[PDB]
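Novice: Structure in structure tokens, see below.
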Amino acid sequence: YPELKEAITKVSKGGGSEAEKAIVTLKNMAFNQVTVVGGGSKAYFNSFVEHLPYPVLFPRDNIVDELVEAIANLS
Amino acid sequence: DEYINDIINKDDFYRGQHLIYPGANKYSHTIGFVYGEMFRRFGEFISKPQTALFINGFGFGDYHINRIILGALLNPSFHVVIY
Ligand SMILES: NC(=O)c1ccc[n+]([C@@H]2O[C@@H](COP(=O)([O-])OP(=O)(O)OC[C@H]3O[C@@H](n4cnc5c(N)ncnc54)[C@H](O)[C@H]3O)[C@H](O)[C@H]2O)c1
């Protein structure tokens, strides 16, 4: 949830919707099974793309475009 | 003995459907059948796994072969040595 600190400020100062209170109360747990991530883009879908690691044994070189262009030109 | 010599040195002597070469009578299915079948066996032969194909000292004067090879690159077991 990107709006993490905002919810904390709202509850401390008063107000906030039911979702903010729920996330605040369920986030206070100090357990390793719950992870807290905050940021302007870390919680967004964009940051999730780069988090995926490449396999150790899977080849990393890209040779698909070469095959496609070879097929297009020669064939 | 019988027919080749006459064709060679008999001047004006020709007939209809008697000879099959080179790729001559394709408008007739009967002849074409032979070349189509040989090419079919060749094409489904390269589809085999763990098969080695050789193209050595070839000028690549044909068109179908090159396009078929380009479209058949899905096989990761293609090796070529050309002079
Ligand atoms: N079942 C089949 O495989 C099949 C299919 C279709 C047609 N055909 C036959 O194909 C038709 C014509 O085919 P084609 O005669 O034009 O093919 P082709 O015999 O001319 O192809 C090979 C040629 O390339 C020449 N060449 C030029 N440079 C070369 C180089 N650097 N290295 C090697 N060779 C070089 C060679 O002189 C010669 O071998 C015939 O009408 C028909 O009989 C056969």
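Taken in sequence, the protein lines are chains C and A.
To convert, take the position in the first sequence, counting from 1, and add 332; that gives the deposited numbering.
To convert, take the position in the second sequence, counting from 1, and add 249; that gives the deposited numbering.
All C-beta atoms in this analysis are idealised placements derived from N, C-alpha and C, irrespective of residue type, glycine included.
Compare the C-beta of A:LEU268 with all C-beta atoms of chain C and state if any pair is closer than 8 angstroms.
Specialist: no
Novice: If you count every other CB in all the chains shown that lies within 10 Å of the CB of C:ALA339, and 16 or more means buried, which is it?
Specialist: buried
Novice: Would you kindly work out how many angstroms separate the C-alpha atoms of C:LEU336 and C:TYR376, rounded to a whole number?
Specialist: 13 angstroms
Novice: Show which residues of chain C have a CB atom less than 7 angstroms away from the CB atom of A:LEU319.
Specialist: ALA402, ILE403, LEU406 and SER407
Novice: Relative to the C-alpha of A:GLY308, which residue among A:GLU286, A:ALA301 and A:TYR332 is closest?
Specialist: A:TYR332
Novice: What do you get for C:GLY348, buried or exposed, if any count of 16 or more other CB atoms within 10 angstroms of its CB means buried?
Specialist: buried
Novice: With DSSP collapsed to three states, give me the class of C:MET361.
Specialist: coil
Novice: Would you say residue 408 of chain C reaches chain A, if we count a Cβ-Cβ gap shorter than 8 angstroms as a contact?
Specialist: It is not possible to answer for residue 408 of chain C, since the shown part of chain C is limited to 333 through 407.
Novice: In chain C, what lies closer than 8 angstroms to A:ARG316 by C-beta?
Specialist: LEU406 and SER407
Novice: Restricting to runs no shorter than 4 residues, where is the alpha helix (DSSP H) found entirely within the segment 293-327 of chain A?
Specialist: 313-320
Novice: Say yes only if the C-beta of A:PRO271 is nearer than 7 angstroms to one or more non-hydrogen atoms of ligand 1, and no if none qualify.
Specialist: Yes, since a heavy atom of ligand 1 falls inside the 7 angstroms radius drawn around the Cβ of A:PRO271.
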